[PDB]
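Protein sequences, first through last, are from chains A and A'. A prime marks a further copy of an entry chain.
Every letter in the first sequence is one number past the one before it in PDB author numbering, and letter 266, counting from 1, is 266.
Every letter in the second sequence is one number past the one before it in PDB author numbering, and letter 226, counting from 1, is 226.
We put the CB at the ideal spot given by N, CA and C, even for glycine.
To start, the structure itself, in structure tokens.
Number of protein chains: 2
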Amino acid sequence: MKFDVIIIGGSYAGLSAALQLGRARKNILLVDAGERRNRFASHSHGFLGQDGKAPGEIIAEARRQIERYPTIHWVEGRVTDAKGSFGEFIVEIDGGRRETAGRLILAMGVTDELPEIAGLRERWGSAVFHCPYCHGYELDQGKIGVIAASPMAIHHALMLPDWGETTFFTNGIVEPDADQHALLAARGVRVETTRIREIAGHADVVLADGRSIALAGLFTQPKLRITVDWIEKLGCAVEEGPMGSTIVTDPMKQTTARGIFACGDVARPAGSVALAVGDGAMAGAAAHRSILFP
Amino acid sequence: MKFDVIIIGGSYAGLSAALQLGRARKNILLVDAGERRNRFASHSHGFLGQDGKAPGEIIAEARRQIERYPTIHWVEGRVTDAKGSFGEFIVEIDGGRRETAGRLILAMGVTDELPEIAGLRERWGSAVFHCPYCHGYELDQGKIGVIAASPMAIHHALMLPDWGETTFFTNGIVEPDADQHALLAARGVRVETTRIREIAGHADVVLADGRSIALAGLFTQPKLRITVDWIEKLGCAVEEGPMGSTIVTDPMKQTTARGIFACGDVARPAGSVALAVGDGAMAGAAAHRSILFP
Ligand SMILES: Cc1cc2nc3c(=O)[nH]c(=O)nc-3n(C[C@H](O)[C@H](O)[C@H](O)COP(=O)(O)OP(=O)(O)OC[C@H]3O[C@@H](n4cnc5c(N)ncnc54)[C@H](O)[C@@H]3O)c2cc1C
Ligand SMILES: Cc1cc2nc3c(=O)[nH]c(=O)nc-3n(C[C@H](O)[C@H](O)[C@H](O)COP(=O)(O)OP(=O)(O)OC[C@H]3O[C@@H](n4cnc5c(N)ncnc54)[C@H](O)[C@@H]3O)c2cc1C
Ligand SMILES: [Mg+2]
Ligand SMILES: [Mg+2]
């Protein structure tokens, strides 16, 4: 039957949304495909109360708690289509199954598209990362590499000295100007301009000139993709730039489409678990308020 | 010696800030007086992973985790004065002890000023609350009261029907207009206009006419106070309205004063633990970035 809210995506953001709506006893459906952005990492860091915990265990415990609310409904599955408008949205699940709802919350996360460097992808989440707060500390102030992939490369490079002795591999992507050259030096960054052939060993960068640089870990900047083809038909504006796509939201997490809210990495290009949880909580309350004061 | 950052307040917001800065290995001092806004409640609700946990236990566990970072420093104490400007702030603790820092994070929370109704204060956090998401569910759809204290009274009243059978006590504070009268009725709110004499029993409202209304719990809207006298000397703009004070911040949690960030209920008038944690995480990263790119 017609749900009050369908939440598309059931990880940190979508669960945090569900929790608020279940405590308000609203009739909601969480639909989740179970492929979370941090599945590649062994331990989560930086989220208060859970620093060090396995990312899947944080989820498992959140779920045990959220399942105690009988108005929260759950389907494991993937939304293959969604359409309609305020008060009458229609969602298709696994190309079969169809459900309807008066409001939608989009909490799908993003997928990371990485530079095309042999060896890099296999190492994602174990020796190659994107977020220094997330995974820099445990490199124990060893040698750290930063691979340019994006316009922002130099900014990311200037951050990593606070975590170890940093080498910035421009990889033909970026050529710093005199002021950038001067700043990289003062901040103690080694700038390596030789192209990268592959990542080998734990996090050894093999350069095109034959040299190999042994590092404790590597960071680069992924391009973020939203992996559904139906956002346009719902009518939400999406911000599209060199580092990927983000659903536009206001400070209350409403998208440009009435009745549709978004939260988590799908709506924040530099997200974290702490922020997904915060933004999901806001999105659940805002959707509730849209039902109370329509 | 001179800290990179002093964080004033060490509960959810300030700890979440500290966690990010400790993982960046910045030299910071947390100063905390240990009197948290939710100390009056037995269990916390609505924060992913911790739904149901005692509020003090969430803190205790966060602290065990955050104490493993050797660059995070801790003093138990109250900041009695703070002054200075970017790169040279001076903090006085317990009117003695003086510490200096290049940046400040304000994470002091707020104090709740309640209506002057006999019996109400003694019941705060046990049978009288402010936040329906926080404490409505466990009233188990019993009878619920909402006491007008503020301009927003009618909005708060219109929310509570989703939690139980609601009586709105206008208490001489507010007189709804025809449209409000009509909405309260359609939403199933009982409007009680008789003045309140006292709160008795668990949550029995004794009215001025001699009637007593037995309720499972009560909600009202507290006026929020910031209980330091030195914000003005630091130079931060503060928003002052009928429901209290909030430090002004931008979306990166910087106050109008360079080098000073704010997070948690001190910078959000409708806060929660989830939002304090999110906003603290942002504030810690932003302060770090202000040290990296000054
Ligand atoms: C390698 C790595 C390590 C990280 N480590 C940390 C860390 O230590 N600490 C930290 O704070 N942050 C870390 N992050 C970031 C963290 O992963 C994200 O901030 C967080 O996962 C975002 O939560 P989310 O709910 O928005 O998205 P996700 O966790 O990514 O969840 C999205 C969910 O929605 C589902 N979904 C997507 N589309 C559909 C659909 N069409 N229908 C149904 N379901 C769908 C997915 O299957 C998934 O289960 C890390 C990121 C990476 C890549
Ligand atoms: C009764 C009640 C129940 C609540 N229940 C929930 C709930 O279930 N779930 C939920 O999400 N939210 C709940 N809330 C809200 C929750 O309490 C706040 O959102 C949260 O505490 C805010 O965190 P904070 O860090 O900003 O402030 P606080 O937790 O209030 O912490 C402020 C800290 O700073 C310290 N401090 C202040 N001034 C100074 C100073 N000058 N020098 C040094 N230290 C100082 C204080 O002593 C304190 O330790 C509830 C609120 C109330 C009143
Ligand atoms: Mg990462
Ligand atoms: Mg409360």
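Assigned with DSSP and collapsed to three states, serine 44 (chain A) falls in coil, not helix or strand. The shortest CA-to-CA distance from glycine 188 (chain A') to any of A':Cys131, A':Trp163, A':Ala149 and A':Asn38 is the one to A':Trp163. Annotation: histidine 181 (chain A) to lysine 83 (chain A') spans about 37 Å, alpha carbon to alpha carbon. Taking all protein chains shown into account, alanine 285 (chain A') has 16 or more neighbouring C-beta atoms within 10 Å of its C-beta and is therefore buried. Here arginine 64 (chain A) carries a helix assignment [DSSP, helix/strand/coil]. The set of residues with CB atoms less than 6 Å from any heavy atom of ligand 4 reads, in chain order, A':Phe129, A':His130, A':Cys131, A':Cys134 and A':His135. Judged by the Cβ position, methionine 108 (chain A') fails to qualify as a neighbour of ligand 1 at the 7 Å threshold, every heavy atom of the ligand being at least this far.
Judged by beta-carbon spacing, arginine 190 (chain A) lies beyond the 8 Å limit of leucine 207 (chain A), meaning their Cβ atoms are not closer than that value. The alpha-carbon of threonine 256 (chain A') is positioned some 31 Å away from that of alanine 237 (chain A). Pairing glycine 34 (chain A) with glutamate 99 (chain A) gives a Cβ-Cβ distance that is not under 8 Å. If the five residues before and after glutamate 192 (chain A) are omitted, its C-beta is found closer than 6 Å to the C-beta atoms of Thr167 and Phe169, all from its own chain and listed in chain order. Excluding the 5 residues flanking it on each side, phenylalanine 86 (chain A') has same chain C-beta neighbours closer than 6 Å at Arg258 and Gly259, in chain order.
Annotated as proximal: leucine 15 (chain A') and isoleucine 66 (chain A'), with beta-carbon spacing under 8 Å. Rounded to whole angstroms, the separation of the alpha carbons of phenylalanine 293 (chain A) and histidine 155 (chain A') is 9 Å. For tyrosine 137 (chain A'), the shortest separation between its Cβ and any heavy atom of ligand 2 does not lie below 7 Å. Closest by C-alpha distance to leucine 29 (chain A), out of A:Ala62, A:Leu275, A:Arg64 and A:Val91, is A:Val91.
Taking 7 Å as the cut-off, one finds no heavy atom of ligand 2 near enough to the beta carbon of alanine 214 (chain A'). For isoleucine 6 (chain A'), the enclosing beta strand (DSSP E) begins and ends at 3 to 8. For secondary structure counted as the beta strand (DSSP E) over 3 or more consecutive residues, the stretch 82 to 127 of chain A holds these complete runs in sequence order: 88 to 93, 98 to 106 and 111 to 113.
Interface criterion met: the Cβ of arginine 23 (chain A) is under 8 Å from a Cβ in chain A'.
The C-beta of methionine 243 (chain A') comes no closer than 8 Å to any C-beta of chain A. Between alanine 13 (chain A') and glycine 244 (chain A'), the CB-CB gap reaches or exceeds 8 Å. When Cβ-Cβ separations below 8 Å define contact, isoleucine 7 (chain A) makes no contact with chain A'. The beta-bridge partner set that DSSP reports for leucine 218 (chain A) consists of A:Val128 and A:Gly145. Counting of Cβ neighbours within 10 angstroms places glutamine 50 (chain A') among the buried residues, the total reaching 16 or more.
Distances from the alpha-carbon of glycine 241 (chain A') to those of A':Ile173, A':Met152 and A':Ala262 put A':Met152 closest.
Spatial neighbours of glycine 102 (chain A) in its own chain (CB-CB distance under 8 Å, excluding positions within 5 residues in sequence) are listed in chain order as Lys2, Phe3, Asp4, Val5, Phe86, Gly87, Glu88, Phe89, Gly259 and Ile291. For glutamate 232 (chain A'), the enclosing alpha helix (DSSP H) has its first and last residue at 231 to 234. If you draw a 10 Å sphere on the C-beta of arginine 225 (chain A), you find fewer than 16 other C-beta atoms in it, and that means exposed. Proximity of the beta carbon of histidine 45 (chain A) to ligand 1 is indicated: a heavy atom of the ligand is located closer than 7 Å. The shortest CA-to-CA distance from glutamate 116 (chain A) to any of A:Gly264, A:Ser150 and A:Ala62 is the one to A:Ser150.
Looking from the CA of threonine 227 (chain A'), the closest CA among A':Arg36, A':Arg23 and A':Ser272 belongs to A':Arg36. Exclusion of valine 191 (chain A') from the 7 Å shell around ligand 2 follows from its C-beta lying no nearer than that to any non-hydrogen atom of the ligand. Taking a contact to require three or more Cβ pairs closer than 8 Å, the stretch 209 to 217 of chain A and the stretch 130 to 147 of chain A qualify as touching. The criterion of a C-beta distance shorter than 8 Å is not satisfied by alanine 18 (chain A) and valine 277 (chain A').
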